[PDB]
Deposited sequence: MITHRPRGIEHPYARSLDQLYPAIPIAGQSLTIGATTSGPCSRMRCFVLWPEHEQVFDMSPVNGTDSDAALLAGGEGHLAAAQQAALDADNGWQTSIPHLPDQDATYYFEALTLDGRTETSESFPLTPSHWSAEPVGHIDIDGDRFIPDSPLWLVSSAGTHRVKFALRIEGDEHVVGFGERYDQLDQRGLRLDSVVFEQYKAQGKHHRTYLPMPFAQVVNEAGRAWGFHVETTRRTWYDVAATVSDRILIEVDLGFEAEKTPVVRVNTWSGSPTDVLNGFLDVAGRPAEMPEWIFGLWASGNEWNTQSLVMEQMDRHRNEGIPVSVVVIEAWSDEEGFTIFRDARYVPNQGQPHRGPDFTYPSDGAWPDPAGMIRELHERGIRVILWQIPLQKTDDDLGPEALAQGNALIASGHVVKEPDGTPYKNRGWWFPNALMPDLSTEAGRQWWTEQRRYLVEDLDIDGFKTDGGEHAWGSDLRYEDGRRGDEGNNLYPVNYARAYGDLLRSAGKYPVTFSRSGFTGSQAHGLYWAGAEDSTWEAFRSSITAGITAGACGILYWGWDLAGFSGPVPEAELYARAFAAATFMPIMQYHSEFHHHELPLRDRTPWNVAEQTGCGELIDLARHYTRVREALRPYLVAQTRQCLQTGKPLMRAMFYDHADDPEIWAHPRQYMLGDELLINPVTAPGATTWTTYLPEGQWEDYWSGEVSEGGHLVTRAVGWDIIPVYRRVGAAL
């Protein structure tokens, strides 16, 4: 059996073994053609039927190490899985056509098996595309930066697939946006794209993101700005004056129509005007309760009531208060709906209520309602982890199988082109069902299964993890969208669904997510995702928060000092904990590690113990005291942010764009209007230099006044992070 799928698995940055590459073939350029077999073959040929010539290509076996198998298993971050996947990718054949003729054709494959059988594939269309300057569609765009004769349309006999066009950029202009970015604040000089993807660690090195947007601000060195938003949830690409030094080249997927209309919203004025313009279209941050601004405690290996409470007691006994505990390993690890070890009756996959459950005294959670009641009594809110997938593994218990069947039977699942349920193509929870959160009925069906957690157990919010799982431009959603538009939108609908649940139960919409797109602004809180415990990851995380803030993602946090691998070195923890104190959401977290030694918790005491630096507990006391003192400031500035549209974690160009020097210090940022923050991001530093912009500035720790428009240098013991306050009028 020969398998060929023209578009492949549709991982956004990788090719499967069985596809055309490029997936939309282009006349004049090379075309690589791949196929796989279900049993070993000695030979495969590709027959390509042009009208004037039939041609036969002898294909050659693909070495899996040279395929994208490693990337399809999640990349370098999942090294063991990636390596074995490369070895396993051993049934692929490949040929390539160096300069593809501009003529339509059909093609098929023929193989000879080792036992001597000939096998033949179905026939496939080949309709090559070319770039045309004819006005095949219309770009609808105002302003004076559009280049009128730049549009080119990628057309084939089957239709129009992509468009590219250019915008003028001037010599002094800087480009900030495209959502959360991990590499640099100023995107000028780079090529990038906007597509929701899970890059598991090293997001900066790979130049990818969980939370893109097809939007950016362009700011000159006189203080003036303009901005553009491509009004699409399809993929877009940007060459931000990398190839042509005074041109932003934009490329837009037109998706799975004859004369398309591409709308580009534009704004100009101050930097704050431009961002407000975008938020009036995209959505605005929501009002949140004050308790989001205390310390959040988290750790994946806190998987019993006793383990969570032990840590909460430890926080009290050390004088390091927490406002929020995130519990990730709470459920049966099958349905993410029921606490581990809970006993109950089967009910055909219907929504449970609290009285359905009995909790054994020797089980993982002997009284989770008592835990939540008691935590609330101590001033601590409780957040439970979630994923927008339903596992279908053959080893699942009766309840998880019933839940999945009920999901399917409801209709509220994302579907393949052929109407059957989408089976997750990713490396995380492979083959799982994916609920359709694209309509109200779909969102309610999924969230109703969880309602009792809010109404009966009284939890305060959800860590709405994942959301990047939909691959396939021709998937089907109940709102009428296909995958080409729906897949990037998915994380927005997902956070929205859980916000709606919380709100309908008398709570605030506290969802905590990693992925998003245009519209995510209006749905909860966000964290920077998964990273190692390195200095490079610290610097990249600061850039993530500032750039996220520059696209309206206001309630941003990160896993301070990294969550993955060995605990951070003591100095990184110290510098990162200090930095996190001056960011919108302050949170520590640690990855699953099979409950093995050494303990991986990012608690101040575990890190102190393993690094031999007892002083880290004292430092955490100190900075958490500072955090508490900062709470009315964060509340008041958050209010002003909702009114003005300025970020809370705020790039310097929002208040001082007329100062060209700000761009040489892209990891300094304002926290609200009054405080200038400069994290210490190198090991061994005993002094640290900060560029103060125009005005008078007061040292947060010493009271020392400094004149602005200058660099200043500050001694930086671990009990100090450079923070300067504006000196206002009398």
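Student: Against the full deposited sequence, which stretches does the structure leave out?
Tutor: Unobserved in coordinates, per deposited numbering: 257-258, 733.
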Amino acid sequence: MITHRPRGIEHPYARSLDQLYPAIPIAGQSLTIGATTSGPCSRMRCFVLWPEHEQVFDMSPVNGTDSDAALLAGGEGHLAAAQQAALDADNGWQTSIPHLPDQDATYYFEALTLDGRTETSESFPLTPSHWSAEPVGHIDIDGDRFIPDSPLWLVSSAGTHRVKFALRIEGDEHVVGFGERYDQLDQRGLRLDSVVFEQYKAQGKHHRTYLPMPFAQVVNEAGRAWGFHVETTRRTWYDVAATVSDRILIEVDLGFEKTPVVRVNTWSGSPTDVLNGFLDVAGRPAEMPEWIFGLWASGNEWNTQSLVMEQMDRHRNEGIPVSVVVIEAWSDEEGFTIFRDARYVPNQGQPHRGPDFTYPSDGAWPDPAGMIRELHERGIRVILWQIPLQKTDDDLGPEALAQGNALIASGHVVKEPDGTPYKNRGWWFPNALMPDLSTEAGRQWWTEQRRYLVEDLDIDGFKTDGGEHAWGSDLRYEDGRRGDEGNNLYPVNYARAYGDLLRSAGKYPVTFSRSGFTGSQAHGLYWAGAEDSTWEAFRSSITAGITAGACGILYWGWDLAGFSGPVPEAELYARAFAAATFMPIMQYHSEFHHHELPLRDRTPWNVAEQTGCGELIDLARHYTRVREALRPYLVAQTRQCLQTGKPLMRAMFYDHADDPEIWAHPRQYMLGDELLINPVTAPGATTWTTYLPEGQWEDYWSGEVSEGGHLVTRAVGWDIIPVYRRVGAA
From here on, numbers count along this sequence of modelled residues.
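Student: If you average the CA temperature factors over each stretch, which comes out higher, 557-565 or 154-162?
Tutor: Higher mean C-alpha B-factor in the PDB entry: 154-162.
Student: Which is higher in the entry, the mean Cα B factor of 72-80 or that of 411-419?
Tutor: Per the deposited B-factors, the answer is 72-80.
Student: Identify, among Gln643, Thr232, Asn606, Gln187, the residue whose C-alpha carries the highest B-factor in the deposited PDB entry.
Tutor: Result of the comparison over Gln643, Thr232, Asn606, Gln187: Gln643.
Student: Which of these, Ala528, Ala89, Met312, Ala537, has its C-alpha atom at the highest B-factor, as the entry lists it?
Tutor: When the deposited C-alpha B-factors of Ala528, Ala89, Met312, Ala537 are compared, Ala89 is largest.
Student: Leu389's Cα B-factor: lowest, middle or highest third of the chain?
Tutor: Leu389: CA B-factor falls in the lowest third of its chain.
Student: Taking the values exactly as deposited, rank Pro679 by C-alpha B-factor within its chain and report the matching third: lowest, middle or highest.
Tutor: Bottom third by C-alpha B-factor.
Student: Determine, from the deposited record, the chain-internal third of the Cα B-factor for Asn405: lowest, middle or highest.
Tutor: CA B-factor rank for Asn405: middle third.
Student: Considering every modelled residue of the chain and its Cα B-factor in the PDB entry, is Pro647 in the lowest, middle or highest third?
Tutor: Middle third by C-alpha B-factor.
Student: Compared with the other modelled residues in the chain, in which third is the CA B-factor of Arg602?
Tutor: Its C-alpha B-factor, which the entry lists for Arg602, ranks in the lowest third among residues of this chain.
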